[PDB]
Enquirer: 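A single structure is presented below for examination.
Proteins come first, then strands; the chains are lettered A, B, ... in the order of their sequence lines, and each starts at number 1.
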Amino acid sequence: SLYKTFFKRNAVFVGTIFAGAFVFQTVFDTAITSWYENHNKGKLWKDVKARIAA
Amino acid sequence: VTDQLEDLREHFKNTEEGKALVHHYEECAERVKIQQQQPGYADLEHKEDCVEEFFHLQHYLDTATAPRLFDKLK
Amino acid sequence: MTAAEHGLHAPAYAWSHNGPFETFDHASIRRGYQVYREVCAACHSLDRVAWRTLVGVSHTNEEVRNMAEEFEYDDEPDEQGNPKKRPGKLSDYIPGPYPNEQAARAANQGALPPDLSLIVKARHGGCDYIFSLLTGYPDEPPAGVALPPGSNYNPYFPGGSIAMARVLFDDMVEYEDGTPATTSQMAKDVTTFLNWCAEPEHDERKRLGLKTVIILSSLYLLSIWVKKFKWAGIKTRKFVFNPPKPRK
Amino acid sequence: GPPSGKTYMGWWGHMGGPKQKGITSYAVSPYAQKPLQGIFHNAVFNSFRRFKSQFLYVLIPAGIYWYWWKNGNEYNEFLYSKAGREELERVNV
Amino acid sequence: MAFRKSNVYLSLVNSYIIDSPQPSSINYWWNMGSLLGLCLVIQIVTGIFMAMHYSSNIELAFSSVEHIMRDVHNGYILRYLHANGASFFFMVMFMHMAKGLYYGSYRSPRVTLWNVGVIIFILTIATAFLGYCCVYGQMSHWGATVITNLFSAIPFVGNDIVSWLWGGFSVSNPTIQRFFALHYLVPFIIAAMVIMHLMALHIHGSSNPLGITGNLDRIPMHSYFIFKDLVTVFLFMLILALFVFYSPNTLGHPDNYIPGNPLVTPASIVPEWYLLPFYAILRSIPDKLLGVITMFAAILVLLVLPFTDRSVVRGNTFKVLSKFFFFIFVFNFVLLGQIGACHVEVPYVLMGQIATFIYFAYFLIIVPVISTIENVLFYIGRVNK
Ligand SMILES: CCCCCCCCCCC(=O)OC[C@H](COP(=O)(O)OC[C@H](O)COP(=O)(O)OC[C@@H](COC(=O)CC)OC(=O)CCC)OC(=O)CCCCCCCC
Ligand SMILES: CCCCCCCCCCCCCCCCCC(=O)OC[C@H](COP(=O)(O)OCCN)OC(=O)CCCCCCCCCCCCC
Ligand code: HEM
Ligand code: HEM
Ligand code: HEM
Ligand SMILES: COc1c(O)c(C)c(C/C=C(\C)CC/C=C(\C)CC/C=C(\C)CC/C=C(\C)CC/C=C(\C)CCC=C(C)C)c(O)c1OC
Ligand SMILES: CCCCCCCCCCCCCCCCCC(=O)O[C@H](COC(=O)CCCCCC)COP(=O)(O)OCCN
Ligand SMILES: CO/C=C(/C(=O)OC)c1ccccc1Oc1cc(Oc2ccccc2C#N)ncn1
């Protein structure tokens, strides 16, 4: 049962909150940076360099 | 292309409110003009300005021009 | 004090970096540097800005190398001990127009023009005050005000008498991207460039703040649920009193 | 070590209150209760009387001090204008 | 027994944050003391990492702080958390002391606990004064000039205490170098006073918002008040993060981004917001020697409250007259902070003199008179005679 497969065995209840937090860092940082740059499109230096190529 | 801030300040100085405040600065400007042709150059310790009348007109033009100037600029 | 001794209040403009999710406009930063080189730099220094910080923000890497190579810097002495000069590199800081403070006052009638690296954060009003000062010179002062010779009238300066004259006029600068260079456009661009000079971390600080607020908001809402679960046995506890029998 | 001085609190088993007799208490496990039964019947009526049976001890001193500060700020503004120039030499004596 | 009770170092941990008996009815105002412990750790840890990059010479001090903001990796995070964290430290401390006034926590048998807290408040004020000098901005130089010149009005020793505090003839290079070394030390003295503060609290325990004995119903600290403490820790960190990342210069002065110049006086010399009420008390006495005595008496008058409270009931919960005059004292403190940021002008001069009188009359006149009247009204409203 899904208590005893996820939160009973506290050799990995300390473990899964320590390993789920590792993959959490890269997915969270990719999602916010993509939202933050799309909200500010046309204003970044990479949007400027693409037509100051002249 | 002329200056965009000069166009907006020209327009709001000819509203119904802008004509009243431009007129109030003009009456103090002649009151200093009569005052500076008597004995009283270095006298009197209390000679008058029109800074307060000038500040009232500039405060009206600033609350009208500022929320709409940056839409007209690149 | 009177309103003239405090200065006229600067209004609020719709700057495109105002707001918790906004970055700088980097095309306005690039045009703002051109107004600095052609107008401001004759009398103002920018001492806290290094050449390398412009790469990837407003110019490419070989553009900044050519800009720094038009100035000469002090070098280590030769084998006999005589001093030398060398052209600039990306490690150097942007040089100013005067050798010392006494030469700066002698060229500006005794007044000292301040360094502009922190001027946006060092004045009350911020970007709104710098923009209103540059575009706020009247053609003549109000009636009665007698300025001393060598000074000019500006109502946003405290006291009203400032030692710098009006410097921005229509079409004094030819832009690279083809923007019309009016007085209002050039004052807007150089204020944006000076705000980046004071706050270079600005675009990174707002991105890191969005991750921190989202994580700390989730931990706050989860702790309210967990506290209310673990306190429910105490909050619904009931008591009953039956008076004991005497003689004991 | 040496024994300490006399206090007004003890520990578990010898806490130091009066003797209790005749009181029964009852409680139910939190695992057998409804999850989160508060935002309503507490924002309905409970979190309005808890401060509006107390609001008059706060807002009467707040209204006295806000009236005093606002009245003094308008008088300083009058004294440094053009119309209040004659009173300004009188009260700086 | 268990190992948490038999070990020499873990039994101190167990009797303080695990098994300590708390009254069951304390509210969220009793959480401010543990937030002050988190604030002191934040100020110490961000202080060490900035000190690895700081130079205390008067020619180098302003540019060292600009070097931290620009060149150090995440250096702007270290400074902004440090400067804004000092303002959050004073706000939590003001609410912690006002909780003690309202509920009568100063009364017997907790007088030693209240007296140690007054020493902590004095050392925190001196700490924030010395760190503000280390920036050497324009407000840093002239604020140190005004405060250190007050001590020359002391009779027969005054002109030699000041030059011993300057190391010279004015605020100069030996002044800034000795102020940074004192700024490192005093937070470690504060940490030792906090340990003496927690020893006196362990003897008697905490009070409760009803004012009466708590020995009849106690619950242990662990998993009840540990999880109640987590709610206010996360709310504190969220509001602090909104200031550090989104509005980092709101609680400061823009004149402190100009380097210190001993030849140019600023148009207005204003302290930080948490020292503004004590600045207005000083400017309300025209004589210079009596003004600095009254300024230090505003902190030391907190020690007279165990002797001027005459009530037989602890706290303000069931007293309507003491409730009214408590909030008169709170809004008088806010008005004194606002007067301290104004110019010396009519009518702010007389307003500051009346508000200074109301501050001292609360501790010495209002509290003993009102609490005597409330003793008699409780009696004659019940006794049939
Ligand atoms: C400055 C940076 C520090 C940041 C953290 C400091 C927090 C200071 C706040 C002042 C304080 O500590 O006293 C709070 C007091 C309420 O005390 P009480 O025990 O009687 O209320 C228990 C409640 O009924 C159940 O509260 P419960 O535990 O059921 O839910 C928690 C609640 C949030 O709780 C908190 O955050 C406490 C601060 O969650 C929700 O609201 C659910 C919806 C999201 O409030 C009052 O007595 C009067 C209310 C106004 C006080 C503001 C005065 C500030 C000067
Ligand atoms: C020398 C040092 C001097 C220190 C002086 C400190 C002055 C700083 C101002 C701190 C404000 C803190 C005021 C509240 C102090 C907490 C203690 C308290 O007043 O009790 C909470 C009060 C009682 O509520 P209850 O009646 O429901 O509970 C009774 C117990 N059963 O419930 C309430 O009424 C809470 C209402 C709080 C409103 C207070 C507004 C304060 C505004 C200050 C703004 C300052 C920034 C501008
Ligand atoms: C677009 C160009 C320029 C900009 C944006 C600029 C910016 C500034 C700013 C922000 C100030 C400070 C005002 C204050 O204290 O509030 C200042 C002062 C001053 N500037 Fe300029 N400047 C420019 C060009 C010049 C030029 C071309 C000169 C001289 C020929 C000059 C000479 C001065 C002087 C003398 C002062 C000091 C004035 C005083 O303290 O009364 N500046 N400038
Ligand atoms: C209770 C502890 C402390 C308090 C209340 C405190 C307060 C302050 C304040 C108010 C400033 C001026 C900040 C500004 O406006 O820029 C400052 C600066 C500074 N403090 Fe602290 N401080 C504390 C602990 C420490 C410690 C323990 C250290 C060093 C080990 C330290 C190192 C510094 C440094 C290097 C500066 C200058 C850099 C800066 O301006 O931020 N501080 N401190
Ligand atoms: C760094 C500074 C301080 C720390 C870490 C601290 C810590 C604490 C803690 C953890 C408590 C117990 C929990 C609570 O009642 O909130 C407490 C209680 C208390 N503190 Fe502080 N405190 C500090 C400063 C002060 C100051 C400045 C004062 C008064 C001038 C003070 C006076 C008291 C009193 C009277 C109590 C007992 C409250 C009661 O039992 O109802 N403390 N302190
Ligand atoms: C009534 O019941 C209660 C109660 O209600 C509460 C709340 C508490 C709460 C207890 C606290 C809040 C504890 C108080 C907090 C302190 C004493 C903090 C003391 C501060 C320090 C020890 C600072 C030390 C910091 C350092 C050493 C960091 C140093 C930095 C380094 C080493 C940088 C690393 C260097 C390199 C090169 C990497 C009780 O104990 C208690 O029982 C009595
Ligand atoms: C200056 C303020 C001082 C405040 C003191 C507060 C106490 C801080 C301690 C914080 C908790 C530390 C946990 C200690 C772990 C248990 C102790 C222990 O293991 O002792 C011993 C082993 O000896 C050691 O190796 C000591 C380790 C040094 C610890 C230095 C940090 C356990 O064996 P023992 O059976 O003797 O324990 C019973 C003791 N009465
Ligand atoms: C170095 O300047 C420090 C200042 C500051 O605010 O530090 C945080 C400061 C700036 C401008 C003007 C004054 C300043 O300092 C101070 C210092 C101060 O100290 C006291 C506070 C309470 C009781 C006595 C004193 C003293 N002395 N009370 C008020 N302002």
Enquirer: Does any heavy atom of chain C fall under 4.5 Å from the side chain of B/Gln4, the backbone, both, or neither of them?
Expert: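 Its backbone and side chain both get close to chain C.
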Enquirer: Other residues, nucleotides and ligands only: do more than 12 of their heavy atoms fall within 6.0 Å of CZ on B/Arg68?
Expert: no
Enquirer: Minimum heavy-atom separation for B/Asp62 to C/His9, with atom names?
Expert: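 Where B/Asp62 meets C/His9 most closely, the heavy atoms are OD2-O, 4.5 Å.
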Enquirer: Are more than 12 heavy atoms, taken from residues, nucleotides or ligands other than C/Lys121, located less than 6.0 Å from that residue's NZ atom?
Expert: yes
Enquirer: At a heavy-atom separation under 4.5 Å, does C/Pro155 approach chain B through its side chain, its backbone, both, or neither?
Expert: both
Enquirer: To check you understand the geometry: which heavy-atom pair defines the closest contact between C/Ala3 and B/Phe55, and what is its length?
Expert: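 Heavy-atom minimum between the residues: O-CE2, 3.5 Å.
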Enquirer: Which answer fits B/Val1, side chain, backbone, both or neither, if we ask what part of it has an atom under 4.5 Å from a heavy atom of chain C?
Expert: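 Answer is both: backbone and side chain atoms of B/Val1 are under 4.5 Å from chain C.
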Enquirer: What heavy-atom pair brings B/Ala29 and C/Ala143 nearest, and what distance separates the two atoms?
Expert: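 Smallest heavy-atom distance, with atoms named: CA-CB, 4.1 Å.
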Enquirer: Check this for me: B/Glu30, atom CD, are more than 12 non-hydrogen atoms of other residues, nucleotides or ligands nearer than 6.0 Å?
Expert: no
Enquirer: Mind checking whether B/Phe54 and C/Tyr153 have parallel, tilted or perpendicular rings, split at 30° and 60°?
Expert: perpendicular
Enquirer: Is atom CD of B/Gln37 surrounded by more than 12 heavy atoms (other residues, nucleotides or ligands) closer than 6.0 Å?
Expert: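 Buried by this count: over 12 neighbours within 6.0 Å.
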Enquirer: Please report the shortest heavy-atom distance between C/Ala12 and B/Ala66, naming the atom on each side.
Expert: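 So the minimum-distance heavy-atom pair works out to O-CB, 3.4 Å.
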Enquirer: For the OG1 atom of C/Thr183 and the CG atom of B/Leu5, what is their distance to the nearest 0.5 Å?
Expert: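 Here the rounded value is 8.5 Å.
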Enquirer: Would you find more than 12 non-hydrogen atoms of other residues, nucleotides or ligands less than 6.0 Å from C/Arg52 atom CZ?
Expert: no
Enquirer: Measuring from atom NZ of B/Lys72 to atom OG1 of C/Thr182, what distance do you get when rounded to the nearest 0.5 angstrom?
Expert: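 One gets 12.0 Å once the value is rounded to the nearest 0.5 Å.
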Enquirer: Has B/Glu6 got more than 12 heavy atoms of other residues, nucleotides or ligands less than 6.0 Å from its CD?
Expert: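 No, CD of B/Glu6 has 12 or fewer neighbouring heavy atoms, counting only those of other groups under 6.0 Å.
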Enquirer: Is there a donor-acceptor pair under 3.5 Å between the side chain of C/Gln185 and the backbone N or O of B/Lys74?
Expert: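 Yes, because the side chain of C/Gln185 sits within donor-acceptor range (under 3.5 Å) of the backbone of B/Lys74.
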Enquirer: Determine whether more than 12 heavy atoms belonging to other residues, nucleotides or ligands lie under 6.0 Å from atom CD of C/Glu174.
Expert: no
Enquirer: Just so I understand: if I count every heavy-atom pair under 4.5 Å between each of B/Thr63, B/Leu73, B/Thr2 and chain C, which residue has the most?
Expert: B/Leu73
Enquirer: Answer yes or no: is there a donor N or O on one side and an acceptor on the other, between the side chain of B/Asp3 and the main chain of C/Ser184, under 3.5 Å?
Expert: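 Present.
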Enquirer: Check step by step if side-chain contact (heavy atoms from CB on, under 4.5 Å) holds for C/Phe131 and B/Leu69.
Expert: CA-CA 12 Å; C/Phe131 182 79; B/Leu69 170 67; 4.0 Å; yes
Enquirer: Can you see which heavy atom on C/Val145 is nearest to which on B/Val51, and at what distance?
Expert: CG2-CG2, 3.7 Å
Enquirer: Quick one: which of B/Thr65, B/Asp49, B/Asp71 has the most heavy-atom pairs under 4.5 Å with chain C, could you say?
Expert: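 When all of B/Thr65, B/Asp49, B/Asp71 are compared, B/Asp49 has the most.
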Enquirer: For a quick test of reading the model, state the closest non-hydrogen atom pair linking B/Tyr25 to C/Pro141 and the distance between them.
Expert: OH-O, 4.4 Å
